[PDB]
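With ideal geometry, Cβ positions are generated from the backbone for all residues, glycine too; neighbour counts draw on all protein chains shown. Laboratory data are not the source of any read-out in this text; all were calculated from the coordinates shown.
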Amino acid sequence: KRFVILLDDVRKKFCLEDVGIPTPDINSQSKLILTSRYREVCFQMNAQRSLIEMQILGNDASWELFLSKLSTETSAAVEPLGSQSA
Amino acid sequence: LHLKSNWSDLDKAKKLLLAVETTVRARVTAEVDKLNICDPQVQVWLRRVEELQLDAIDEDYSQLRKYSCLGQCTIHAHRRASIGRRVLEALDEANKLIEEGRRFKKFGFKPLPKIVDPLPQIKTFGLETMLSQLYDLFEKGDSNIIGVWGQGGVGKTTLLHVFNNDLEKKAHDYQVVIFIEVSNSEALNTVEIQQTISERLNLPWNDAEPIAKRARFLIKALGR
Amino acid sequence: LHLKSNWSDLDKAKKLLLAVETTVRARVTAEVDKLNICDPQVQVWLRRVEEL
Ligand SMILES: Nc1ncnc2c1ncn2[C@@H]1O[C@H](COP(=O)(O)OP(=O)(O)OP(=O)(O)O)[C@@H](O)[C@H]1O
């Protein structure tokens, strides 16, 4: 089968065949996406040339997310623009 | 007028046949997911159902219905015999297919284990010469036992994996190819090796069987 | 005309017989792998089918 397996938060190198997941090759159409906190773990799993660094959110996105974690009573005293308050 | 009643019965037969085909196809797909090949009888039944082509007779009946405005118009009454025969043939064929399909209980069978079982294919570098030497000893060798030795961590198990995966391409008279990892212990875990050999020989693995008796049985089995 | 219908029935019979032969041969090979000799009645049936 053509499988897409999303390994989540790997923390040590582990053999994919031992658990049962076949390592995809260029001759096969399967893709295996894995996430980890460590560059070393990503390199050890033969992912060295398809590595993505998860960048942190920007200022605008940060502010938009921060508002969503406030009650309407408090959001009313922070959201308004035009007038400037401390 | 039995033609209209028989065509309504044929429509009900198409609906029932579609339902039965859906059920049997679902079970066959379930069996295939377990790596079991579909039962040949079920395959024949599916082939017969796929070729029933009831839409052709349906479209012919639609074309006749285009001209079915007056019964006294005996100009088109000759086509009634053709419809009157094909409708009944389709109906009884569909009912036979229904009766055969509803009675099926086994939908797949475990295929015989392949000659060569695929093993992981790691990208090698400069293994061609070693593969050529190993193949030369494997083919022209007068001695049946071949030993490969090297420093720790130097291409050995990888060499075996590549050789095993390459045996698939070439033609050979070797019926069964078995890959056994005695590396798992220095105590010679015999049960694991016997399990691997039995699984690769399609033999029925037993738990309570004594080790020596299983060894003798496997010696007799591999000797053939 | 019963000849064409009978020949179509014969074709369906060939397909069904091939399926049954495949199943029985698979089971016989499974029994042989266990070092069990094939049942003589099944051998006679296979001989009759092969000679059809
Ligand atoms: N030609 C090659 N190209 C790339 N990597 C290779 C090659 N040959 C061996 N390796 C690497 O060697 C590593 C060790 O595997 P290998 O089969 O060589 O071990 P070994 O020498 O049999 O080990 P041991 O003696 O511990 O059983 C593997 O990770 C494999 O990727």
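Key figures
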read-out: Computed [θ] at 222 nm, deg cm²/dmol, the protein assembly as shown (DSSP H ≥ 4; -39,500 (n - 2.57); rounded to nearest 500); value: -17500 deg cm²/dmol
read-out: Rounded, prolate or oblate (a/c below 1.5 giving rounded, otherwise prolate when a/b exceeds b/c) for the stretch B:136-179 by Cα gyration tensor; value: oblate
read-out: Largest-first principal axis extents, alpha carbons of the protein assembly as shown, Å; value: 94, 91, 44
read-out: Among A:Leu34, B:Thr74, B:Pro204 the positive-end extreme of the charge dipole of the protein assembly as shown (Cβ point charges); value: B:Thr74
read-out: Dipole moment magnitude, nearest 20 debye, the protein assembly as shown about Cα centre, only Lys, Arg, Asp, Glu C-beta charged; value: 1260
read-out: Coil-residue GluC sites (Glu not before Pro) of chain C, DSSP, other Cβ within 10 Å capped at 10; value: C:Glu51
read-out: 5 angstrom amide H check on B:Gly108, placed H, neighbours 5+ away; value: B:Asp39
read-out: The stretch B:15-145: mean projected area of Cα convex hull, nm²; value: 16.1
read-out: For the stretch B:129-204 versus the stretch C:26-52, the gap between their alpha-carbon centres in whole angstrom; value: 32
read-out: Electrostatic dipole magnitude of the stretch B:1-54 [Cβ: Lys, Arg +1; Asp, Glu -1; Cα centre; debye, to 20]; value: 160
read-out: Which of C:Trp45, C:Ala30, C:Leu17, positive extreme of dipole for chain C (C-beta unit charges); value: C:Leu17
read-out: Folded to 0 to 90 degrees: helix A:59-68 orientation relative to chain A principal axis, Cα; value: 70
read-out: Reciprocal of mean inverse Cα separation for chain A (Kirkwood radius, Å); value: 16.9
read-out: Choice from A:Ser62, A:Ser36, A:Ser50 with maximal GNM fluctuation in chain A (Cα, 10 Å cutoff); value: A:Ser62
read-out: Size of charge dipole - chain B - debye, nearest 20, with Cβ of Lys, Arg +1 and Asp, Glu -1, no other charges; value: 940
read-out: Of the GluC sites (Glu not before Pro) in the stretch B:58-165, those whose Cβ has at most 11 other Cβ within 10 Å and which sit in DSSP loop; value: none
